[PDB]
Amino acid sequence: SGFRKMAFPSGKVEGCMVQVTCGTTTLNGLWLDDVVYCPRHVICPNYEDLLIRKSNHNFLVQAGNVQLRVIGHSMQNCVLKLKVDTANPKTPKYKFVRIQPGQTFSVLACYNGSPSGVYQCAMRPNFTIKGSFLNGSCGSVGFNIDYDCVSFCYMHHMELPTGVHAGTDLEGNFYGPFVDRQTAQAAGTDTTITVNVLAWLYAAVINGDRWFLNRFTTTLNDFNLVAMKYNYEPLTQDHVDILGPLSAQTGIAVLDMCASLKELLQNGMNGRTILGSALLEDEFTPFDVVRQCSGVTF
Amino acid sequence: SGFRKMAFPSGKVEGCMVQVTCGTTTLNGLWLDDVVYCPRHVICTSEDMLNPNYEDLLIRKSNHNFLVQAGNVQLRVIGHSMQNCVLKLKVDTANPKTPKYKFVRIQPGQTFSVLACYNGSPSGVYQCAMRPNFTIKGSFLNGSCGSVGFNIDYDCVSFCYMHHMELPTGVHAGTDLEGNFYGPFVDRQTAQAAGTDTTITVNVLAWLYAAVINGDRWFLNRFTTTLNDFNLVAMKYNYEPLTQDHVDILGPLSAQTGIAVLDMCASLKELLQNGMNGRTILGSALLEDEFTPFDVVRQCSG
Ligand SMILES: CN(C)C(=O)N1Cc2ccc(Cl)cc2[C@H](C(=O)Nc2cncc3ccccc23)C1
Ligand SMILES: CN(C)C(=O)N1Cc2ccc(Cl)cc2[C@H](C(=O)Nc2cncc3ccccc23)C1
Ligand SMILES: [Cl-]
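If you read the sequences in order, they're chains B and A.
Read in order, the letters of the first sequence correspond to residues 1 to 44, 52 to 305 in the deposited numbering.
In terms of the deposited numbering, the second sequence opens at residue 1 and continues consecutively.
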């Protein structure tokens, strides 16, 4: 029993964290094979113009107490790739994957190439992440672990004026309509990740919390009219299919659980809590719920 | 900016997780140097758990009755001893991934990270606190026994908890790494119940200071309180008494925000009376109590 916000074990990623220094700027890098990946703003804009003026010895890369020698440098979108003379002996089996809003991942927050914390979070529908980051965190990465393969999905680049965070995939493409520049940028109006809330309601049922259940069902169209009114993301037939195993396990059809959510949105919790929470949690996907409620290991 | 429930990076602990098998029972062990630590109930059958005599059960065991697996490698047990509720299995190989470590016993209200494991393999990491009733509200299934709680300060891992059992309310009980249980619990299937749980007051105040540091001031008020008047109100909401030690501990946060501890206590009294009125504090609709004053400073300052 119990339901916690749980991150993947960070060990495979900790062995890849390095410190990258260029001039006065110091941030984090990801050392995989003989390449160190980091945000391109470490050179700071006309990034092609700034990068051409740099030589290999302008970048100081530190892996623990060992200095790595940079033998090449190139740019791919908003990520800087620093070729080093040594392949990382702790390189895990890995992939670079771009994730969709609503998908969750673990973030290994780092400062000066040293991991300080690990937390779980979701890519919001407005493409921001509600993280916990201070100056020097840039270059910290987001990942998922499937079997023994680490899928790197996020690299931290900046904090927006509302305190939320913006970054790229490991190919340097931003999530959301952001640019790596000191300029007026704002996150769009956020919405609730509906399929994730339903997954968390199934996790509550699995843990013995049933007060919110009711005899009612709904059509997918009637629920989506309600979701739009409460700034909830539309629920697709794909989402309904994805919730299938949880629906079969608890004996509560997905549209039956949707009628609980529709009543919770129009009436509130009425002093009650679900899994110790007074708000509807949306940072657990249907796969996270199955993985945690069945003890899948890495 | 931002405030998250944050666990320590688990790498140093992942390299210590092993699988321990004795008969039909399989649980997790912590391999440090040439010793594997695990709950002593691994020697029990489910028909022994009601009233086990661990000295009697252990004396009947030989080294080859314990199968220890570190990844795909079998470790050879060359000795076995019991220390309180923990079994110590001497092995013929020192763990090359042994980090700098300490065994520390923690007090209620203290937080730590849990590396949840099954069959010696880590599956997840989460942050939690020792409750005032000595239980932990974890996320554990059968086979998680032997999973450990830790903190990392500098490069030293301080092991503070080893999971042993789930109580009937779904909460968990365990020991420090010397085998001494937290709370009035015993490693037996006898009827045991956790005492009434209470809110960790010093932790809620620390989290209200974190909210102020992140620009949230809606809950502040022009009032102050005596320490005694605060405790008389707080007790009525099942909140732990706040001691002068707690007031002293909140001193740095009080100096940093410019809000005296007894001034923040009056905000907490008001919040308990009014509720949140549709508002949130640090994205939460409830008062959070699993961040200590030390966690708040570490996360907000480095
Ligand atoms: C936020 N700020 C006023 C800055 O000094 N920045 C300006 C800026 C502009 C563009 C880009 Cl791509 C990066 C940055 C930097 C940036 O966002 N880094 C930070 C990341 N995460 C948490 C941060 C908390 C505090 C400070 C800085 C953080 C540095
Ligand atoms: C709770 N129960 C009736 C059991 O199966 N047990 C009885 C029992 C009694 C004493 C001691 Cl020291 C250990 C145990 C075992 C136990 O608590 N293990 C579990 C640990 N954590 C989460 C668990 C979720 C589910 C099941 C079992 C969990 C096994
Ligand atoms: Cl302590």
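Note that CB positions come from ideal geometry on N, CA and C, so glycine has one too.
Environment of residue i [buried if 16+ CB atoms lie within 10 Å]
| i | result |
| --- | --- |
| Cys145(A) | buried |
| residue 307(A) | The requested residue 307(A) does not occur in the structure, where chain A is confined to residues 1 to 302. |
| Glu288(B) | buried |
| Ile152(B) | buried |
| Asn221(A) | exposed |
| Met235(B) | exposed |
| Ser62(B) | exposed |
| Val77(A) | buried |
| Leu232(A) | exposed |
| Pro132(A) | buried |
| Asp295(B) | buried |
| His64(B) | exposed |
| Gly71(B) | exposed |
| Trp31(B) | buried |
| residue 47(B) | Any structural detail on residue 47(B) is unavailable, because chain B resumes at 52 straight after 44. |
| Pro39(A) | buried |
| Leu50(A) | exposed |
| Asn95(A) | buried |
| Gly179(B) | buried |
| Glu240(A) | buried |
| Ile200(A) | buried |
| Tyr154(A) | exposed |
| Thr24(B) | exposed |
| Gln244(B) | exposed |
| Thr225(A) | buried |
| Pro184(B) | exposed |
Simplified DSSP assignment, three categories, for residue i
| i | result |
| --- | --- |
| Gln110(B) | coil |
| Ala129(B) | strand |
| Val296(B) | helix |
| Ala7(B) | strand |
| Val261(A) | helix |
| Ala255(B) | helix |
| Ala285(B) | coil |
| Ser123(B) | strand |
| residue 46(B) | Gap note for chain B: numbering proceeds from 44 to 52 with nothing in between, so residue 46(B) has no coordinates. |
| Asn274(B) | helix |
| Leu141(B) | coil |
Residue range of the beta strand (DSSP E) that includes residue i
| i | result |
| --- | --- |
| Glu166(B) | 156–166 |
| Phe103(B) | 100–103 |
Test item: CB-CB of residue i and residue j under 9 Å
| i | j | result |
| --- | --- | --- |
| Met130(B) | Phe150(B) | no |
| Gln69(A) | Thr21(A) | yes |
| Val148(B) | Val13(B) | yes |
| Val171(B) | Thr292(B) | no |
| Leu205(B) | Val297(B) | no |
| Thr190(B) | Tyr182(B) | no |
| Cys156(B) | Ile213(B) | no |
| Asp187(B) | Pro52(B) | yes |
| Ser158(A) | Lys102(A) | yes |
| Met162(B) | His41(B) | no |
| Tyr118(A) | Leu141(A) | yes |
| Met276(A) | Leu115(A) | no |
| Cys265(B) | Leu242(B) | yes |
| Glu290(B) | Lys5(B) | yes |
| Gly29(A) | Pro99(A) | no |
| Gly138(A) | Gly2(B) | yes |
| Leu227(A) | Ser267(A) | no |
First through last residue of the alpha helix (DSSP H) which encompasses residue i
| i | result |
| --- | --- |
| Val18(B) | Note, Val18(B): premise wrong, no alpha helix (DSSP H); beta strand (DSSP E) at 17–22. |
| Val247(A) | 244–249 |
Any non-hydrogen atom of ligand 4 closer than 8 Å to residue i Cβ
| i | result |
| --- | --- |
| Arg188(A) | Looking for ligand 4 in the displayed structure turns up nothing; the ligands present are ligand 1, ligand 2 and ligand 3. |
query: Of all the beta strand (DSSP E) runs that stay within the bounds of the stretch 30–100 of chain A, which reach a length of 3 or more residues?
result: 35–39, 66–70, 73–75, 77–83, 86–91
message: My parser needs the beta strand (DSSP E) runs of 3 or more residues fully inside the stretch 152–240 of chain B; what are they?
response: 156–166, 172–175
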